[PDB]
Every structure is written in structure tokens, then in C-alpha cells.
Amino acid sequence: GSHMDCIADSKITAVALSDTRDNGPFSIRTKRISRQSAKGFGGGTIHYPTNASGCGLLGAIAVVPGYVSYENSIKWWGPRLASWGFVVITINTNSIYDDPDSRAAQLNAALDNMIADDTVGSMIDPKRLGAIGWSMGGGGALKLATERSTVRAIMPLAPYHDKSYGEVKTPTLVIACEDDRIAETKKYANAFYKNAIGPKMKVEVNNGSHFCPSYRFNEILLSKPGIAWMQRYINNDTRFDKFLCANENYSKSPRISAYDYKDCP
């Protein structure tokens, strides 16, 4: 249960988590936030569940794209996680050329936008937040984690950050791409994972390019660990423990070339 006893045990299955789009236990709606309305980011889409009132207050997650990419690179996380009970904002940045530290600031502003929003703000527990980002946006999520203690979990996807960002103790699920030639894993994802000091898990997608966790590539593959991680650490729902760390043998998947975890779940 943690904060989501409104999800029945019998719905918490690998089959249910391993699905596409808004196939999940809650129905959802969206609200568009314009670029001009957004203070500190380029606008985005808020996704929220419409029949989750039995859950009490909900966790909220901001999701940011990478370099020279727009919201559509990461938008699919919005319906996926909202149908599992989160409020989720998938954003555009001010410029597609903004760097990783700028994307951390824009994730921060997007979290604040949801918390204050006239539609979803009253549904949100502002202490239970999460962040996801691809490429330079994954770097932004790592940086944000060092700065905002109400961010309870992050999921950096093919993360790129080419400057010091500091020590991360936030629960971190790194999705790496084996054959990444932009954010080479030896320099970026593997070092970020090694240096994190809290709960942490890393799934490397076999033969993946830098695009491997973007534009709905590998959607079914990543949905189960991603939803489980966010439920475990944003909502303290240990019913998702069975899909995480030593409890789920991701290294058996022919689509996964490396699997590591520590201090979880």
C-alpha cells in the first residue's frame, strides 16, 4: 500500500506493468501548460488520474527531454505513470539546446508548477516528488537530486552530464544504453551509478544506442522497472519490491546487457 492502497494487490503484476500507453489501473486526463504560462520551463502536459481519490494525496513526477529534442522524446512516460497513480508533467525546455544543469532548474520549476496548479495541486503531496530525464535531461535529474530533498526518486535515462554535479543519495534507477556513442557508459552512466551512495539500480539495454530509452523505444522493457522504482521510493509501496534489485533477474532478459543494484529495495 504505502500511499497507494487504492491499488489492489491483484493488479500489481508484471503482465499489467509491461504494457503500453495508458493501459494501467487508473483512467487519466491531461492539461496543457503553455510556454508563456510556465515560469522556468517551456510548457508541457500534465497527466493525472481521474479515479484515484481513494489514494489520498498523490506523488508527482517531472519528465524532461534531451539535447535537440522536444517533449515527444519522453512524453510516453506521462500516460504510463499517470495510469499508475502519479501526477506527471512531461515538459519542453526553454531551448532544445539547454544544458544538463539548466534542465535541472527546469525540472525544479515544472515540479513547482504542478504543486501550485489549479487542477492538480490539491491532489499532490509536495513532499513526494520524482524526476525522469533522457540524455542531458538525465543529467538534469541527477543534478536536481543533489539540490531538492523532496525529490524522492530519480530515473536518469542514457544520462549525459559533462560537469561536476556532486553527491547523490536519492534512490536512483539508471537506464544505460550499451552502445551509447554520445554518453559513453564508461564515462557517464557507469560513473554516475558507481558514485551514487543511496539505493541504486542500473539496467543497461543490450546493443542500445543513445536513443534506446527515448521516443517509446523499449517502452515495454522499461515500464516495469520504472513504475516499480517510482512506486517503491516515492510512495513507499513495498508491494513493488518483487520487481526490483535482487528480487527480479533482469540479467536474464536478452535485451539487457548489464544489471547492477545496491542497497535496494
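Numbering starts at 1 and follows the sequence shown.
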When mean C-alpha B-factors in the record are compared for 189-197 and 131-139, the larger belongs to 189-197
With reference to the PDB entry, specify whether the mean Cα temperature factor is higher for 41-49 or for 26-34. 26-34
Largest Cα B-factor, entry values, listed residues 95, 122, 170, 73: 122
Hey, out of 230, 58, 63, 203, whose CA B-factor is highest in the deposited coordinates? 58
Consider only the C-alpha atoms of the modelled residues in this chain, order them by B-factor as the entry records it, and name the third containing residue 226: lowest, middle or highest. lowest
Within this chain's modelled residues, let me know which third the CA B factor of residue 213 belongs to: lowest, middle or highest. lowest
Once the chain's modelled residues are ordered by C-alpha B factor and cut into thirds, is residue 16 in the lowest, middle or highest one? highest
How does residue 80 rank on Cα B-factor within its chain, lowest, middle or highest third? highest
Among modelled residues of the same chain, the CA temperature factor third for residue 86: middle
